[PDB]
Amino acid sequence: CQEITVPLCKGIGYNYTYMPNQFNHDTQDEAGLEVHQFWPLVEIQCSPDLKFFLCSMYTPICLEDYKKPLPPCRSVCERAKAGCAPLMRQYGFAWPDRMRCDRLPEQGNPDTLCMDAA
Amino acid sequence: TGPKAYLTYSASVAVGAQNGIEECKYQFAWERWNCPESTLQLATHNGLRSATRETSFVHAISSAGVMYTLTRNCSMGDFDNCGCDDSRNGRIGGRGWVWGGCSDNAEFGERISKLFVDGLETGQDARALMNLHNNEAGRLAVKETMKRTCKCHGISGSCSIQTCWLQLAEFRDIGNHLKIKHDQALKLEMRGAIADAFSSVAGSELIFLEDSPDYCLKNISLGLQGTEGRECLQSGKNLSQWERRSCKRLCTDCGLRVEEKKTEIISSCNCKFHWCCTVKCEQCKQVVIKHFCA
Ligand SMILES: *[C@@H]1O[C@H](CO)[C@@H](O[C@@H]2O[C@H](CO)[C@@H](O[C@@H]3O[C@H](CO)[C@@H](O)[C@H](O[C@H]4O[C@H](CO)[C@@H](O)[C@H](O)[C@@H]4O)[C@@H]3O)[C@H](O)[C@H]2NC(C)=O)[C@H](O)[C@H]1NC(C)=O
Ligand SMILES: *[C@@H]1O[C@H](CO[C@@H]2O[C@@H](C)[C@@H](O)[C@@H](O)[C@@H]2O)[C@@H](O[C@@H]2O[C@H](CO)[C@@H](O[C@@H]3O[C@H](CO)[C@@H](O)[C@H](O)[C@@H]3O)[C@H](O)[C@H]2NC(C)=O)[C@H](O)[C@H]1NC(C)=O
Ligand SMILES: *[C@@H]1O[C@H](CO)[C@@H](O[C@@H]2O[C@H](CO)[C@@H](O)[C@H](O)[C@H]2NC(C)=O)[C@H](O)[C@H]1NC(C)=O
Ligand SMILES: [Zn+2]
Ligand SMILES: [Zn+2]
Ligand SMILES: [Zn+2]
């Protein structure tokens with residue numbers, strides 16, 4: 001584990017993330033340069049979940065008791081896509097293929113453990 | 001090749017050869033010969049003076065282990081002397097991608113691996129050429145398996161533009177590969193008349209001379225401990241038809257009987273995830289029943 005240094009992801013729920021991430025990034029700074037390109041959509045608040053979602057992917061949680069990766073649930077992603085994609089579509093921006101939601105576990109499985117709302 | 005160099009790499013090399021032995025142990029986990037080999041043994045040559053098919057695999061996978069580990073040693077910040085493959089960096093390798101990153105220095109790993117592993121192959125005899133061959137067979141297995149890995153640094157992460165470098169495959173995949181190379185190795189019948197016959201053999205393929213002993217049987221002269229007292233697999237949800245046969249293969253076909261052994265183990269389980277930040281996993285006592293030859 002190391003501590004979150006990227007601005008957009010500070011105080012989202014946890015202060016500790018690991019590297020490399022699901023996107024295969026060396027430093028948080030390298031990861032930050034890319035997630036910062038979403039800064040508009042965060043301010044627009046097209047989805048409340050987007051900041052949490054983008055941060056669970058670019059700086060996934062790191063726990064000292066649970067050493068298996070912990071991704072966001074499919075439902076969390078499907079809501080951020082629901083809010084953001086139309087607006088992004090309007091400006092010629094496709095919903096990123098890494099952000100795809102079927103690549104994520106659905107909630108309600110002991111085998112597929114994830115992060116979501118009830 | 002001076003004792004100052006031999007010492008600076010020796011720690012890492014020993015770790016490497018062990019990885020090779022451990023993977024060999026993995027690949028043959030449920031076979032009659034189960035890699036009863038030590039790291040030490042490939043220096044002592046005790047437990048493998050038998051130019052059998054299986055001795056070929058040991059040479060390759062351990063040579064492959066030394067090279068793999070030190071190539072990765074080099075690439076990470078472990079040796080000051082070697083950087084990585086800076087050659088070809090910066091260039092344009094294809095449509096919408098460029099070279100860069102830290103491509104693994106395989107030629108460095110091969111360099112060291114030859115120094116230690118091929119060193120132990122003392123003698124100018126036919127067996128020593130055989131073993132020398134098998135070393136490179138595993139060594140070049142490590143090289144060929146290298147693949148272009150990439151990171152997409154386009155707009156918003158799009159793979160439109162990307163930086164690539166040349167990376168090692170997972171050592172497992174090298175083990176699986178060399179396992180195959182072992183399964184289809186071939187026997188040789190044979191001073192320069194011998195050295196001719198070895199050059200008629202592809203550098204990738206494994207060479208062996210003697211036929212392999214009955215591995216059901218104990219033969220302390222060969223370092224073979226017999227199949228008795230070995231765990232086998234009976235029941236399993238997702239076991240290879242191979243794995244399901246392990247009990248008949250290791251035990252009954254060898255004359256021995258199949259006994260069960262009740263083991264209780266403690267495993268973290270039944271995990272529930274609290275909202276945000278935390279996950280709390282209670283631990284459970286679980287009963288696993290193992291099987292073995294008696
Ligand atoms: C070349 O690369 C190889 C790996 O490819 C590398 O082998 C590994 O080296 C590390 C560093 O010595 C070993 O890591 C140790 O693992 C043991 C358990 O056996 C730990 O106890 C060690 O912990 C130390 O550090 C901790 C944090 O500071 C402390 O809490 C602890 O008290 C110890 O001080 C340590 O993590 C690893 O075991 C080997 N791999 C093996 C042997 O399989 C090799 O060292 C590299 N060579 C160079 C030049 O670095
Ligand atoms: C432990 O292992 C030794 C050696 O095993 C031999 O070499 C192995 C690598 C494998 O190729 C084995 O298939 C092979 O047997 C065993 O000793 C060997 O015993 C056999 C007889 O059972 C001998 O075979 C003879 O060879 C002669 C010529 O010298 C013939 O005339 C005979 O017809 C017969 O075929 C063989 O020479 C012998 N090897 C030596 C030199 O020791 C041994 O059987 C085994 N021990 C145990 C505990 O089982
Ligand atoms: C992560 O660190 C931050 C900042 O230290 C914590 O947020 C609060 O920090 C203030 C001091 O700046 C403390 O007085 C509060 O106790 C913190 N708030 C809370 C939630 O109690 C935050 O708590 C840390 N997160 C974790 C993982 O505990
Ligand atoms: Zn040898
Ligand atoms: Zn292969
Ligand atoms: Zn049973």
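Shown numbers run from 1 along every chain as its sequence is written, which may differ from how the entry numbers residues; residues without coordinates are omitted from display. Here the convention is simple: chains get letters from A, ligands get numbers from 1, in the order in which they are written. As a convention, hydrogens and water are excluded, and side-chain values are obtained from all of the structure's heavy atoms. Residues with missing side-chain atoms are left out of burial classes, side-chain pairs and their counts.

Listed as the method for this PDB entry is X-ray crystallography; the listed resolution is 3.250 Å.

The PDB entry lists chain B under the name Protein Wnt-8, with Xenopus laevis as the source organism. For this entry, the PDB title field holds "Crystal structure of XWnt8 in complex with the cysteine-rich domain of Frizzled 8". UniProt positions are given in the numbering used here, feature names are shortened, and annotations may be inferred rather than shown by experiment. The annotation that UniProt attaches to chain B under Subcellular location is "Secreted, Extracellular space, Extracellular matrix". One UniProt comment on chain B, placed under Sequence similarities, says "Belongs to the Wnt family."

The PDB entry annotates chain A as Frizzled-8 of Mus musculus.

Turning to the UniProt feature "disulfide bond" in chain B, a few remarks are in order. Residues and elements named next belong to chain B. Here the UniProt disulfide linking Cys-269 with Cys-284 is intact, its two sulfur atoms sitting 2.0 Å from each other. One end of the pair, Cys-269, is in the loop between β10 (258–268) and β11 (283–293); the other, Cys-284, is in strand β11, with 15 residues separating them in the sequence. The disulfide definition used here is simple: a pair of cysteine sulfur atoms within 2.5 Å. At 2.0 Å between sulfur atoms, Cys-271 and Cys-281 form the disulfide that UniProt records. Taken as a pair, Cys-271 in the loop between β10 and β11 and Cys-281 in the loop between β10 and β11 lie far apart in primary sequence, 10 residues in all. Strands here are runs of E lasting at least two residues and helices are runs of H or I lasting at least four, both read from the DSSP assignment and numbered beginning at the N terminus.

Glancing now at the pattern of salt bridges. The term salt bridge refers to a side-chain nitrogen of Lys or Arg lying within 4 Å of a carboxyl oxygen of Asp or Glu. Under the defined criterion, the tally for this structure stands at 19 salt bridges over all chains. With its nearest N and O atoms 3.3 Å apart, the salt bridge here joins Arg88(B) to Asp85(B). Relative accessible area decides the class of each residue, using a 1.4 Å probe on protein chains only: under 20% of the type maximum gives buried, over 50% gives exposed, and in between gives partly exposed. What makes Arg88(B) partly exposed here is its relative accessible area of 27%. Taken together, the shared-partner salt bridges connect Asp49(A), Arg79(A) and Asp116(A) into one network.

All names here are of chain A. Mapped onto the present numbering, the UniProt feature "binding site: hexadecanoate" falls at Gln-37, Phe-38, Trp-39, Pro-40, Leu-41, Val-42, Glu-43 and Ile-44. By the element assignment, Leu-41 lies in helix α2 (residues 39–44). In this structure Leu-41 comes out as buried when scored by relative accessible area, which is 13%. Ignoring sequence-local partners within four residues, the contact set of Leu-41 consists of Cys-46, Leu-50, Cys-84, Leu-87 and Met-88. The exposure class of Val-42 is buried, given its relative accessible area of 14%. Residues are treated as being in contact if the distance between any of their heavy atoms lies within 4.5 Å. Setting aside chain neighbours within four positions, we find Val-42 in contact with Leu-8, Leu-50 and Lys-51.

All names here are of chain B. Here a residue is considered near a molecule or strand provided that any single heavy atom belonging to it is located within 4 Å of it. Taken together, the residues surrounding ligand 1 are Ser-12, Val-15, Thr-69, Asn-73, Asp-78 and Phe-79. Pairs of N or O atoms within 3.5 Å make up the polar contacts considered here, provided that, within protein, one atom can donate a hydrogen while the other can accept it, and that residues adjacent in sequence are counted only when both atoms are side-chain atoms. Side-chain polar atom of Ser-12 to a nitrogen atom of ligand 1: 3.2 Å apart, as the coordinates give it. A distance of 2.4 Å separates an oxygen atom of ligand 1 from a polar side-chain atom of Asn-73. The accessible surface values rely on the Shrake-Rupley method and a 1.4 Å probe; as for residues, cover is taken only from the protein chains in view. Coverage of ligand 1 by the protein amounts to 23% of the 940 Å² it exposes when considered alone.

Moving on to the side chain of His133(B). All names here are of chain B. Relative to the helices and strands, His-133 is located in helix α5 (residues 126–144). Since its relative accessible area comes to 12%, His-133 is described here as buried. Look past the residues within four positions of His-133 in its chain and what remains in contact with it is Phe-198, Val-201, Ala-202, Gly-203, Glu-205 and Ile-207.

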